[PDB]
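Contents: one structure, followed by commentary.
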Amino acid sequence: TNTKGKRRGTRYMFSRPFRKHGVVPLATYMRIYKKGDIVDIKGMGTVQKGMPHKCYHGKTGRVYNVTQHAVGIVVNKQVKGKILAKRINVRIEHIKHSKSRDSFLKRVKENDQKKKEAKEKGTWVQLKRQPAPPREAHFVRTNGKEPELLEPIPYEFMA
Amino acid sequence: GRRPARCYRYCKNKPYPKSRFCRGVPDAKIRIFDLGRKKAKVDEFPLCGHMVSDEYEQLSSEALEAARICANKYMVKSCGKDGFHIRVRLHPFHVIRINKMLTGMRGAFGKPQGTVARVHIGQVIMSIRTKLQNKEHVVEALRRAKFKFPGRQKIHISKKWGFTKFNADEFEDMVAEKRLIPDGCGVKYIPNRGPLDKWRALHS
Amino acid sequence: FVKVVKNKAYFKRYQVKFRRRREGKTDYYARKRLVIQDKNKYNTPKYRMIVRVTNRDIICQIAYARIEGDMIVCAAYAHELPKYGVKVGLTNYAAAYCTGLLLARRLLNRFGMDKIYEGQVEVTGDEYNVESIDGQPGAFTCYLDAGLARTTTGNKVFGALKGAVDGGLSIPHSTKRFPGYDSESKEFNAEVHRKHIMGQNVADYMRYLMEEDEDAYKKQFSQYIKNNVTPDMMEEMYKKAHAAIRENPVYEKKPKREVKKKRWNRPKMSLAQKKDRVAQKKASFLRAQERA
Amino acid sequence: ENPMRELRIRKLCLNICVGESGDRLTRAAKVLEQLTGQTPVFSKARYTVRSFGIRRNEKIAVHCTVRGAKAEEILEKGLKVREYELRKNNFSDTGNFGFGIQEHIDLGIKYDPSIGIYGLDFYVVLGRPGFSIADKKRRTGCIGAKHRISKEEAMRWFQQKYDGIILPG
RNA sequence: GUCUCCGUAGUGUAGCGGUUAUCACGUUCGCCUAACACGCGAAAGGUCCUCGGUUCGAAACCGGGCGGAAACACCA
RNA sequence: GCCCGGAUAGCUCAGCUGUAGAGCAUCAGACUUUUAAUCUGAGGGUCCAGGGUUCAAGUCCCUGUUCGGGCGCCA
RNA sequence: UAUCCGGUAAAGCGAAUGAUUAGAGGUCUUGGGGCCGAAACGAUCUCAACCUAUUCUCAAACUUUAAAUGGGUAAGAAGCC
RNA sequence: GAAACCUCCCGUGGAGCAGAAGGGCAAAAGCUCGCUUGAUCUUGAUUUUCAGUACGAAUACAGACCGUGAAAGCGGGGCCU
RNA sequence: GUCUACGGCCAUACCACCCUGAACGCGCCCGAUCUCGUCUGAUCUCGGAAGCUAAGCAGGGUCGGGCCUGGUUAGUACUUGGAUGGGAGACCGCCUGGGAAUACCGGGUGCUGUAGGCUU
Ligand SMILES: [Mg+2]
Ligand SMILES: [Mg+2]
Ligand SMILES: [Mg+2]
Ligand SMILES: [Mg+2]
Ligand SMILES: [Mg+2]
Ligand SMILES: [Mg+2]
Ligand SMILES: [Mg+2]
Ligand SMILES: [Mg+2]
Ligand SMILES: [Mg+2]
Ligand SMILES: [Mg+2]
Ligand SMILES: [Mg+2]
Ligand SMILES: [Mg+2]
Ligand SMILES: [Mg+2]
């Protein structure tokens, strides 16, 4: 049976990628996490203080606390057959804003624009998303040149 | 002295090479991978034939040796002492364990028996180079070697010039153009990325 | 010969250092500690009092740090000090004070805390700092940013700090590094500082030289002797400048125009030109070797 | 008609590696102090060697960098002792050079049956104006290329400045 | 195979991380003897089994190599 | 854990708060043809470590480290 | 549909670590053995390790690369203003 | 003298960081100095094993009192497991 | 056109050698009285402004290495799901969808924020 040590099997997990070792580039720190902000956790070798546990790497969650240089950050964790929402304090370095949400918001803002407009006009526009549809009828013009034949080609043993 | 090659034929395990970990590995049979006139230039031997496998199997080091020998011996007796060059092309690296029996199955992870190759379907085993006179000898050299291996291998007599990575129809042409340049048993490919001082060594 | 050290291999696996580390400018260890904020403060600034001395100049700026690039609210250089009264010896401690003070007043007029937060008008040199007023807007607080200076005692940086402090910025410090502070005793003369602040340590040098040797004094203090600036005209002069700076700091720039727009520099050579050159070079090689 | 590629002397490094410790060492330091007019600095051992009889961190040698005029003059002396002959091998590829004097009384000092005769060893470090960018703190860098002092270039300097010979072999 | 221990001048052995590696015998060279022995004075001689490590430093401490020796191998 | 005991020159041991004893061992003189044996001198003690009491401690005091003899034994 | 995570198959080893064949080129270093040399980086070979470009074949406890399948969020009234 | 000490040049780290390995680390997390006891006093929260109980281990805060530094800050034991 | 100070992203910015640098800068530079620190004013600290772009620095150059980004490699290797497919096994072919990495060959070789200069 295995060892229950904390870092076990994070040889390539907490490992600063090829030619990105060394100093934690400042932006990282000087960017701001509020309550309600959604964040994807991702460990980082260099900063060890406040390193999140290996189960929560890649896992993504919401920020419920903000201390001087850390964030309490609710995440989900499937334990056998009963997912636990649970709350982990992570230092900023092992944390990024998730963009998952940004694209939704972008689309909300676009709807509220297209709702204000096209109200005075009268025409109700399709706001909802709609799945990638069947690819329509259309012509293919083969101008002049007829389509090229493709013979399957003989076998010959290369090596 | 040693187990029969039935039992260590198939690629059953991950490769287990003579490392930090697998140590005490007794040496391979095969040491000498190339023989003939290995001091021959590319121009004076163009005609590889490449015994090429068709299983996904392990060939014993002991087998390789025998095959190589059986091929060399036939090449000499046929064409001449120095009329060719051979190149064995499967070094045994996989170490192959052996739980010996004087307990039972209790803690039975083997000591190392020996070394062995791993050959993919279409990997070359042995390739010979010699003259355009010689090809019929070459094949029979390889034919006879085949019997010293398990599985199946197909002798094939193969487009490149020499041992090189270049197509033999183009090879005669290239050399004058000086894209290719002689360099022992091989040939160096000089390409126009160059600093021009390199270009000025040639053409002069 | 030896094994070549810097092979392809070397360069392949080789990581550059940060650009300003490469230049030899930013100390990123400190930068981090200095500059970034607590998160529970959130967006709110953390200001610096950058102070950098250059061979002939003293630059003093105030900056917080946004993710895009740390921003200068307000800056005053040494070479502005002519307007006010300082004509030479502008990289020196006294000028640093002037600069640093200048920077303070300038910054305190922008927020309109000019009339409030005078600070220290008399130039004692003593431990001083600004108690923020109640029923009033608080004092501006930036932390000193020393760069790569060995921050011993006497380091001009702490002059410009002093200056700013006396100008009315709440910068924390200790006096352990102002000129004066006696290492092997551990107190502070303050008057010793004042002297340095006013240029007497320069003035005294001047006097000691003229006594000793004319030719040395003339070589050392040419632009000082030119402009007619003596040891006994000196303390006054600085005090006048502080008075000018204190009374009207605001900057005006110069209305720059009438630019011809000629390329001093040399532009990058287009692919085809480069592709040409080798053609020519090969042809040239060929024609040369086809003679002898 | 160059401006400031004025091949000068950066430092003259002297040292006396007695490799004993105790008296002979502090007795040698008196030789450098006399010579140079500045307290020298001891250098302790890297690591223990039974073959030489030196322990790790045992003060083995005493040495002294001298710059400016006093370095020049002491270089002058040393060369007088070596009668202005050096060898090609005494000039390093990097542009510097050295030599040893076999005994310090030949310079200009008086023997004492106590303070015996320390042999010592000069090494001249040639420079050029603007060679400080190496070793300053803030905007460090190399020192270009055409600025570095060639083995050739030093030899001719020495040949020129001190009338030296630079014998072959 | 398991577990154990031991590998040091020619021989048998001491050796407490800083030694000129100890003791005895043997060897060589003087004397003593007519000769030899005994005896006396001198001297020479260790790849510290091998390789790697730790250590400022290993003959020893730690690991693996080649040698060598005891105890176990029982219940059907 | 409780009592007690020894630690001193290479070794074994004396030592009553004011050159540390004895014997052997170690080295130089006699003796010996020479060696041994023996007689004479000579050298050699961090008195196990630290702190105290004391004008002054190898000793008196405590505290440790050992070392052994006996007792003793609830997480 | 957006958006992170990952270091497995594969691949790579003219990229790091390790492993490994061969010839070209190198008094690099120096040697141990030679042959022709009193001896000589003299001439000539050689085998040792090191180096310059090349080349043969490898990795469960190597890796620049790097999939498929796979795991997180998000897709509104607890939201927008 | 292959090894002593001195000097210059090259050096992405091939060293060092008590120990196994793996991660991490260069105006440092290495070395050297200077001062020091945050290896102190105390509420709860959380992670890790988890049953999502303990122990141990750790992560954020909060209040005391201090160290250090010009300061920003950093420190309530050992770069992390 | 371009610099300085503080920067973000961190090689399209690195390395090597070569040329070119107006004005402002930034430099080297010349000193040791004070401040401060050294075996040494070399570094550090301070006071300067006689020289000079030699160097740093900047811009460019190089059928340059490196890095960057395309193509090729290859619908190759692999791989999700499927079959009373094949094959003595080893393995392979198919269906269904997903799809790499070298060698090789091209192109690229810093962008940019705040504040303040010069070219008036
Ligand atoms: Mg059988
Ligand atoms: Mg198996
Ligand atoms: Mg600092
Ligand atoms: Mg794995
Ligand atoms: Mg694989
Ligand atoms: Mg530090
Ligand atoms: Mg606290
Ligand atoms: Mg530490
Ligand atoms: Mg100077
Ligand atoms: Mg220049
Ligand atoms: Mg130039
Ligand atoms: Mg290129
Ligand atoms: Mg079925």
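We number each residue from 1, going along the chain as drawn.
Backbone N, Cα and C atoms are what each Cβ position is placed from, and that goes for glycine too.
Same-chain residues at least 6 positions away in sequence with a Cβ under 8 Å from that of B:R31 (citrulline) are not found in this chain. According to Swiss-Prot, the feature citrulline maps to B:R31, an assignment based on similarity to another entry.
Feature annotation from Swiss-Prot assigns SUMO2 cross-link to B:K165; the stated evidence is similarity to another entry. Cβ neighbours within 10 Å of B:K165 (SUMO2 cross-link), excluding its own Cβ and spanning all shown chains: 10. In the three-state DSSP scheme, B:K165 (SUMO2 cross-link) is classed as coil.
Residues annotated as ubiquitin cross-link in Swiss-Prot, with similarity to another entry given as evidence: B:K178. For B:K178 (ubiquitin cross-link), other Cβ atoms within 10 Å of its Cβ number 11. The secondary structure of B:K178 (ubiquitin cross-link), as reduced to three states from DSSP, is coil rather than helix or strand.
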**Prompt:** If one measures from the C-alpha of B:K165 (SUMO2 cross-link) to the C-alpha of B:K178 (ubiquitin cross-link), what distance in angstrom results, rounded to a whole number?
**Reply:** 16
**Secondary structure of B:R31 (citrulline) (DSSP, helix/strand/coil)** = coil
